[PDB]
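J.: Protein chains in written order, with the deposited numbering: chain B, 1 to 265; chain A, 1 to 265. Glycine is no exception: its CB is placed at the ideal position from the N, C-alpha and C atoms.
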Ligand SMILES: Nc1ncnc2c1ncn2[C@@H]1O[C@H](CSCC[C@H](N)C(=O)O)[C@@H](O)[C@H]1O
């Protein structure tokens, strides 16, 4: 009669909360999805061993098209858990799944976990200054999406930071790197000439948030474009004008050049 | 010899991540602050019991003025943890504490935890659509804060949602309710008359996120301003233009007026 949406957190199997773990262990059935995002610091095997339950992985179609006949039926007469990377309901499509549960007469509860949305606080950038978020998508064939560029423009002109999720081919487990994202943005800039993203733009790269050893780097595109930030996942941020406290953190903790203290504040 | 900033999460002691718990259990000294937010589902005793360590609680003055005199000295020869509600670096000024650690020759690590900043996904509003955030502060003396009103205006004009953290006076055990936040906003509206926040404005209230049964309500100010949303903490959200699926969730899960389903594209 109960369905639990449980977040797995940022990077590895220990990023789930104690609450989520204890509840998952008590569930008769445990499902999971790894298409909205991946848990790069662990494996399905390690997650299963921690929970002590067999985990049935669901594809995007299994969920978007058949959630009500795969998961809900069991949730009707058993306690069922649905695991997702990060924080449940951050992925735009998950919220609606609670409506499906209601429609099927199944109770649902949400057990939160750390999300990259809040984890960016580790970059020293004030969370309240983050504006609208966007995803940098690989251009395919004759399709060259560029809306994320406009998101940066609108945020930055209002002095706000822009969190940029990078493209990922879930099932294929291949991530877009911050370097590729910077290359694409420079391409988009050369096409729109909005003076939004250039070699002189200050950016921040956050890699493997959740890990004890994440890579946090800040600097100008011209210097970071070919830098090695380590293994995925990568997150790219284009900050707006900086409060001196943010700039000093980027310098002391993210190795940013002293130049940002006079150019970006 | 290390300093760990470890988040405890949204509501109770089990909102800590497994990673955070396992690390905290092995620290030599554990400090904490409980003035940045309210964890309404636990007690210091219960947290101490879970971690198996004695927790020294610090006040805002202890941290802001003497972090380097109370915590850092021990971190030089021992494994020390500093615990905070929610995520340690979200809507706090704790990030700067890492600079103090650096200058004192102490390496620091951050362990994230569920944050209200991302937990708002449970309202059904798309997280990427949230713009700049703000805090509704209690007026004091002849000083009556109003910036949060301009934030709402700016975000709304772009069709973005606005997350409003509500004030807290931990030492006086005063926690601003969504009702009090709405009353203050109506006063600012009369003062500025920008048509930003009125009785017909749609708002969303989220109380005690993290608990298994948080209060999630959506409706017009005129109808919710006197509604009892239960015990604190409370967060107030002023949505921008809604997507049809956001409206559906607000109606189905947050009991919003069925008339909002009819969006004005
Ligand atoms: N569980 C919860 N439910 C509702 N609001 C919450 C909340 N936890 C925090 N808040 C809101 O945020 C304010 C604290 S701001 C500090 C937030 C914290 N670092 C975090 O990551 O959540 C509170 O005054 C309240 O308005």
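1. Taking 9 Å as the threshold (beta carbon to beta carbon), is residue 12/B in contact with chain A?
2. Could you give the first and the last residue of the continuous alpha helix (DSSP H) run that contains residue 20/B?
3. Residue 79/B by DSSP, collapsed to three states: which one?
4. From the beta carbon of residue 266/A, is the nearest beta carbon of chain B less than 9 Å away?
5. With a 10 Å radius around its C-beta and 16 neighbouring C-beta atoms as the bar for buried, classify residue 174/A as buried or exposed.
6. What I want to know is whether the C-beta of residue 208/A ends up closer than 8 Å to one or more non-hydrogen atoms of ligand 1.
7. Which residues bound the beta strand (DSSP E) around residue 217/A?
8. Going by other Cβ atoms of all chains shown within 10 Å of its Cβ, with 16 needed for buried, is residue 33/B buried or exposed?
9. Compute every distance between the C-beta of residue 145/A and the non-hydrogen atoms of ligand 1, then say whether any falls below 8 Å.
10. Under the criterion of a Cβ to heavy atom distance below 8 Å, does residue 126/A qualify as lining ligand 1?
11. In terms of residue numbering, what span does the alpha helix (DSSP H) encompassing residue 57/B cover?
12. In the DSSP assignment, what residue or residues form a beta bridge with residue 108/A?
13. Looking at the secondary structure, which residues open and close the alpha helix (DSSP H) in which residue 149/B lies?
14. Does ligand 1 have even one heavy atom less than 8 Å from the beta-carbon of residue 7/A?
15. From 29/A, 38/A, 45/A, 51/A, pick the residue whose C-alpha is nearest to that of residue 17/A; which is it?
16. What residues in the stretch 153 to 167 of chain A have a beta carbon less than 7 Å from any beta carbon of chain B?
17. Beta carbon of residue 113/B: closer than 8 Å to some heavy atom of ligand 1?
18. Would you list the residues sitting across from residue 31/B in a DSSP beta bridge?
19. Could you pull the start and end residues of the beta strand (DSSP E) that residue 134/B belongs to?
20. May I ask you to list, following chain order, the residues of the stretch 94 to 108 of chain A that have a beta carbon less than 7 Å from some beta carbon of chain B?
21. Taking 9 Å as the threshold (beta carbon to beta carbon), is residue 133/B in contact with chain A?
22. For the stretch 190 to 198 of chain A and the stretch 142 to 152 of chain A, state whether three or more C-beta atom pairs, one from each stretch, are separated by less than 8 Å.
23. Thinking just about the alpha-carbon of each residue, which of 163/B, 140/B, 186/B is nearest to the one in residue 239/B?
24. In this structure, what does DSSP give as the bridge partners for residue 67/B?
25. Under a Cβ-count criterion, where at least 16 other Cβ atoms within 10 Å of its own Cβ denotes burial, should residue 242/A be classed as buried or exposed?
26. As a quick exercise: from 117/B, 107/B, 142/B, pick the residue whose alpha carbon is nearest that of residue 135/B.
27. Along the stretch 118 to 129 of chain A, where does the CB come closer than 8 Å to a CB of chain B? Name the residues.
28. Quick check on the burial criterion: 16 or more other C-beta atoms within 10 angstroms. Buried or exposed for residue 253/A?
29. Taking residue 181/B as part of the alpha helix (DSSP H), name the residues at either end of that continuous run.
30. I'd like to check one pair, residue 3/A with residue 75/A: are the Cβ atoms closer than 9 Å?
31. Do three or more CB pairs link the stretch 105 to 119 of chain A to the stretch 5 to 20 of chain A at distances below 8 Å?
32. Express the C-alpha separation of residue 221/A and residue 182/A in angstroms, rounding to a whole number.
33. Residue range of the beta strand (DSSP E) that residue 207/A falls in?
34. Is there at least one Cβ from chain A nearer than 9 Å to residue 42/B's Cβ?
35. Going by DSSP in three states, residue 195/B sits in which element: helix, strand or coil?
36. So, using beta-carbon positions, are residue 60/B and residue 29/B closer together than 9 Å?
T.: Based on what the coordinates show:
1. It does; some Cβ of chain A falls within 9 Å.
2. Counting along the chain, the alpha helix (DSSP H) containing residue 20/B begins and ends at 18 to 25.
3. DSSP places residue 79/B in strand when its eight states are reduced to three.
4. As displayed, chain A neither begins before 1 nor continues past 265, which places residue 266/A out of reach and without an answer.
5. Label assigned to residue 174/A: exposed.
6. Taking the Cβ of residue 208/A as the reference point, at least one heavy atom of ligand 1 falls within a distance shorter than 8 Å.
7. 215 to 220 is the span of the beta strand (DSSP E), which, as asked, contains residue 217/A.
8. Answer is buried; the Cβ neighbour count reaches 16.
9. False, no ligand heavy atom lies under 8 Å from that Cβ.
10. Residue 126/A Cβ: outside cutoff for every heavy atom of ligand 1.
11. That residue, residue 57/B, is in no alpha helix (DSSP H); its beta strand (DSSP E) goes 55 to 58.
12. Its beta-bridge partners are 3/A.
13. Residue 149/B -> alpha helix (DSSP H) spans 147 to 157.
14. At least one heavy atom of ligand 1 lies closer than 8 Å to the C-beta of residue 7/A.
15. Measuring C-alpha to C-alpha distances from residue 17/A to each of 29/A, 38/A, 45/A, 51/A identifies 51/A as the nearest.
16. Of all residues in the stretch 153 to 167 of chain A, 154, 158, 160 have a Cβ within less than 7 Å of some Cβ in chain B.
17. Checking the Cβ of residue 113/B against ligand 1 gives no.
18. For residue 31/B, which the question treats as bridged, DSSP gives the partners 56/B, 82/B.
19. Following the DSSP letters along the chain, one finds residue 134/B inside the beta strand (DSSP E) bounded by residues 134 to 136.
20. For the stretch 94 to 108 of chain A, which is checked against every Cβ of chain B, the residues closer than 7 Å are 95, 96, 98, 99, 102.
21. Chain A, which has a Cβ nearer than 9 Å to the Cβ of residue 133/B, makes this yes.
22. Because the criterion of three Cβ pairs below 8 Å is met, the stretch 190 to 198 of chain A and the stretch 142 to 152 of chain A touch.
23. Selection 163/B, 140/B, 186/B evaluated against residue 239/B yields 163/B as nearest (Cα-Cα).
24. BP columns for residue 67/B are empty, so no partner.
25. With 16 or more Cβ atoms within 10 Å of its Cβ, residue 242/A is classed as buried.
26. Nearest of 117/B, 107/B, 142/B to residue 135/B, Cα basis: 117/B.
27. Answer in chain order: 118, 119, 121, 122, 124, 126, 127, 128, 129.
28. Residue burial is scored here from C-beta neighbours: residue 253/A has at least 16 other C-beta atoms within 10 angstroms and is therefore classed as buried.
29. Element bounds for residue 181/B: 178 to 192.
30. For the 9 Å CB-CB criterion, residue 75/A and residue 3/A form a contact.
31. Touching, yes, given that three or more Cβ pairs across the two stretches are closer than 8 Å.
32. Spanning the two alpha carbons is a distance of roughly 7 Å.
33. From DSSP, the beta strand (DSSP E) with residue 207/A extends over 202 to 207.
34. Closer than 9 Å to the CB of residue 42/B there is not a single CB belonging to chain A.
35. It is coil, neither helix nor strand.
36. Their beta carbons are not under 9 Å apart, which means residue 60/B does not touch residue 29/B by this criterion.
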